[PDB]
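Notes for the one structure printed next.
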Amino acid sequence: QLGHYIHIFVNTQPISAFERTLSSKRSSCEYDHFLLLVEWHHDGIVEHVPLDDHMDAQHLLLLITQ
Amino acid sequence: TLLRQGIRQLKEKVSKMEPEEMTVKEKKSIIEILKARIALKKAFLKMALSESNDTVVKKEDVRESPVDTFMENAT
Amino acid sequence: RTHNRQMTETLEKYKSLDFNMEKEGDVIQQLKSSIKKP
């Protein structure tokens, strides 16, 4: 179309909101750390759409085309 | 601290519909200049605010629940 | 002689009724002793 692409990555994003509010229990401080990036380019949105198994190569593309 | 009630004391100082208010506000703005630096003393951000703090208190609210369980078994 | 009464009392202490679980009976009761509490 006169292209368009997704990237996907693992990522690390520590947050204070659990860092002190938790722990001192059966509650981990640092993991640390792991995630699942899902970039959605050529939109300027780069939206981080949710992932939740089961998931396939298709369904991503489906939500994205949607 | 000072940033709190300092606004409270500056707030009542406005007077007269006439543009003499600046003569008062010059006394205000300097404090505000100090506030611009007093704010530097308070350059911190741990918790956001509500409702996360409320989530913390509730988190203890569940976390304080066991205390009336196994401890009761101790008795 | 040391292990005896100590084991018995420690059973009788914080454990109190160590039989209170009654195996399967200690399942939902673990909520009844806790989740039920309010």
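Residue names in the structure tokens use chain letters A, B, ... in the order shown, residue numbers from 1 in each chain, and ligand numbers from 1 in the order shown.
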Spatial neighbours of residue 15 of chain A, 12 Å, only C-alpha atoms, chain gap at least 3 places, as a PDB file with C-alpha atoms, in the first residue's frame:
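Saved file around28.pdb follows:
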ATOM      1  CA  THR A  12      11.767  -5.488  31.669  1.00  0.00           C
ATOM      2  CA  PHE A  18       4.639  -3.520  44.225  1.00  0.00           C
ATOM      3  CA  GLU A  19       8.245  -2.943  45.238  1.00  0.00           C
ATOM      4  CA  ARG A  20       7.417  -1.747  48.731  1.00  0.00           C
ATOM      5  CA  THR A  21       3.716  -2.451  49.070  1.00  0.00           C
ATOM      6  CA  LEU A  22       4.527  -6.139  48.713  1.00  0.00           C
ATOM      7  CA  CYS A  29      11.079  -8.047  45.331  1.00  0.00           C
ATOM      8  CA  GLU A  30      12.999  -8.245  42.066  1.00  0.00           C
ATOM      9  CA  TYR A  31      12.036 -11.009  39.663  1.00  0.00           C
ATOM     10  CA  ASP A  32      13.616  -9.614  37.394  1.00  0.00           C
ATOM     11  CA  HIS A  33      12.285  -9.254  34.736  1.00  0.00           C
TER      12      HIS A  33
ATOM     13  CA  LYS B  46       6.988   6.986  45.765  1.00  0.00           C
ATOM     14  CA  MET B  47       3.343   5.985  45.743  1.00  0.00           C
ATOM     15  CA  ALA B  48       1.239   7.709  43.127  1.00  0.00           C
TER      16      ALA B  48
END
*Assign secondary structure with DSSP using the backbone only, and return the residues of chain B in helix (DSSP H, G or I) as a ChimeraX atom specification.*
/B:2-11,21-41,52-63,65-68,70-74
Per-residue nearest contacts of segment 9-35 of chain C to segment 2-5 of chain C (12 Å; only C-alpha atoms) as a Markdown table:
| residue | atom | partner | partner_atom | distance |
| --- | --- | --- | --- | --- |
| C:9 | CA | C:5 | CA | 6.0 |
| C:10 | CA | C:5 | CA | 8.3 |
| C:11 | CA | C:5 | CA | 9.5 |
| C:12 | CA | C:5 | CA | 10.1 |
| C:13 | CA | C:5 | CA | 11.8 |
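Taking only C-alpha atoms into account, residue 29 of chain B lies nearest to B:11 out of the set B:63, B:43, B:11, B:55.
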_Need the shell around residue 21 of chain B: protein/DNA/RNA residues with any atom at most 12 Å away, counting only C-alpha atoms. Skip same-chain ones fewer than 6 positions apart. Format as a PyMOL selection string?_
chain B and resi 10-15+27-29
Selected residues, C-alpha atoms, written as a PDB file, in the first residue's frame, please.
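Final output, part_13.pdb:
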ATOM      1  CA  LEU B  10      -1.560  34.334  50.767  1.00  0.00           C
ATOM      2  CA  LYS B  11      -5.168  33.570  49.815  1.00  0.00           C
ATOM      3  CA  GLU B  12      -6.827  36.101  52.139  1.00  0.00           C
ATOM      4  CA  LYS B  13      -4.351  38.872  51.367  1.00  0.00           C
ATOM      5  CA  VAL B  14      -6.166  40.045  48.228  1.00  0.00           C
ATOM      6  CA  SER B  15      -7.884  43.375  48.896  1.00  0.00           C
ATOM      7  CA  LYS B  27       5.081  39.976  49.131  1.00  0.00           C
ATOM      8  CA  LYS B  28       3.359  36.832  47.866  1.00  0.00           C
ATOM      9  CA  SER B  29       5.391  36.132  44.759  1.00  0.00           C
TER      10      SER B  29
END
*Residues of chain B within 12 Å of chain A, only C-alpha atoms counted, as JSON, numbers by chain*: {"B": [45, 46, 47, 48, 49, 50, 51, 52, 53, 54, 55, 56, 57, 58, 59, 60, 63]}
*Give me the residues within 12 Å of residue 20 of chain C as a list in words, counting only C-alpha atoms and dropping any in the same chain fewer than 2 places off.*
residues 70 and 73 of chain B; 11, 12, 14, 15, 16, 17, 18, 22, 23, 24, 25, 26, 27, 29, 30 and 33 of chain C
Could you please take those selected residues and save N, CA and C atoms as a short mmCIF file (atom, residue, chain, number, x, y, z; two decimals), in the first residue's frame?
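Output contents, as saved in again.cif:
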data_model
loop_
_atom_site.label_atom_id
_atom_site.label_comp_id
_atom_site.auth_asym_id
_atom_site.auth_seq_id
_atom_site.Cartn_x
_atom_site.Cartn_y
_atom_site.Cartn_z
N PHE B 70 -4.81 -18.21 62.73
CA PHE B 70 -3.81 -19.11 63.30
C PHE B 70 -3.44 -18.70 64.72
N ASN B 73 -5.75 -20.17 66.82
CA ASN B 73 -5.37 -21.57 67.00
C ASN B 73 -4.30 -21.73 68.06
N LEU C 11 2.82 -29.69 70.47
CA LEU C 11 1.59 -30.09 69.81
C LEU C 11 0.39 -29.38 70.43
N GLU C 12 0.46 -29.17 71.74
CA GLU C 12 -0.64 -28.57 72.48
C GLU C 12 -0.61 -27.05 72.45
N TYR C 14 0.87 -23.82 69.90
CA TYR C 14 0.41 -23.14 68.71
C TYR C 14 -0.32 -24.10 67.78
N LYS C 15 0.14 -25.35 67.75
CA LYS C 15 -0.59 -26.40 67.06
C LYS C 15 -1.91 -26.69 67.77
N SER C 16 -1.89 -26.54 69.09
CA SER C 16 -3.04 -26.81 69.95
C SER C 16 -3.67 -28.15 69.60
N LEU C 17 -4.71 -28.09 68.77
CA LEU C 17 -5.28 -29.29 68.18
C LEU C 17 -4.60 -29.55 66.85
N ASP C 18 -3.59 -30.41 66.85
CA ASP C 18 -2.90 -30.75 65.62
C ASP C 18 -3.76 -31.68 64.79
N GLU C 22 -8.08 -32.77 60.65
CA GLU C 22 -8.81 -34.00 60.36
C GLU C 22 -8.70 -34.36 58.88
N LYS C 23 -7.50 -34.17 58.33
CA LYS C 23 -7.23 -34.35 56.91
C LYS C 23 -8.16 -33.51 56.04
N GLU C 24 -9.11 -34.17 55.38
CA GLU C 24 -9.99 -33.51 54.42
C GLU C 24 -10.82 -32.41 55.06
N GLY C 25 -11.14 -32.58 56.34
CA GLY C 25 -11.94 -31.61 57.06
C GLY C 25 -11.21 -30.28 57.18
N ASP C 26 -9.89 -30.31 57.03
CA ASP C 26 -9.09 -29.10 57.11
C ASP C 26 -9.06 -28.35 55.79
N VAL C 27 -9.72 -28.89 54.78
CA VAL C 27 -9.78 -28.22 53.48
C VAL C 27 -10.58 -26.92 53.57
N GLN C 29 -12.49 -25.83 55.76
CA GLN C 29 -12.42 -25.22 57.08
C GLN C 29 -11.30 -24.19 57.15
N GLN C 30 -10.28 -24.38 56.32
CA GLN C 30 -9.17 -23.43 56.26
C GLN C 30 -9.69 -22.08 55.80
N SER C 33 -12.14 -21.04 58.86
CA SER C 33 -11.36 -20.46 59.96
C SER C 33 -10.72 -19.14 59.56
#
*Distance atom CA of residue 72 of chain B-atom CA of residue 8 of chain C, one decimal place?*
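Between atom CA of residue 72 of chain B and atom CA of residue 8 of chain C the gap is 19.1 Å.
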Using only C-alpha atoms, what table do you get, as CSV, when you list each residue of chain B with an atom no more than 12 Å from chain C, its nearest pair of atoms, and their distance in Å rounded to one decimal, rows by chain then rising number?
residue,atom,partner,partner_atom,distance
B:61,CA,C:38,CA,10.2
B:62,CA,C:35,CA,9.6
B:63,CA,C:34,CA,11.2
B:64,CA,C:38,CA,10.7
B:65,CA,C:34,CA,7.2
B:66,CA,C:34,CA,6.4
B:67,CA,C:34,CA,9.2
B:68,CA,C:34,CA,7.7
B:69,CA,C:34,CA,5.7
B:70,CA,C:14,CA,8.0
B:71,CA,C:14,CA,7.6
B:72,CA,C:14,CA,8.7
B:73,CA,C:14,CA,6.2
B:74,CA,C:14,CA,3.8
B:75,CA,C:14,CA,7.1
*Just give me the gap between atom CA of residue 7 of chain B and atom CA of residue 32 of chain B in Å, one decimal is fine.*
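Answer for the atom CA of residue 7 of chain B to atom CA of residue 32 of chain B separation: 9.0 Å.
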*asked:* DSSP on the backbone, strand (DSSP E or B) only: what residues of segment 8-45 of chain A does that give? Format it as a list in words.
replied: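 DSSP on the backbone gives strand (DSSP E or B) at residues 8, 9, 37 and 38 of chain A.
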Those residues you just picked out, can you put them in a file as a PDB file, in the first residue's frame with C-alpha atoms?
ATOM      1  CA  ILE A   8       7.594  -8.368  19.301  1.00  0.00           C
ATOM      2  CA  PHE A   9      10.009  -8.483  22.235  1.00  0.00           C
ATOM      3  CA  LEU A  37       6.209  -6.407  23.691  1.00  0.00           C
ATOM      4  CA  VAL A  38       3.802  -6.126  20.763  1.00  0.00           C
TER       5      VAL A  38
END
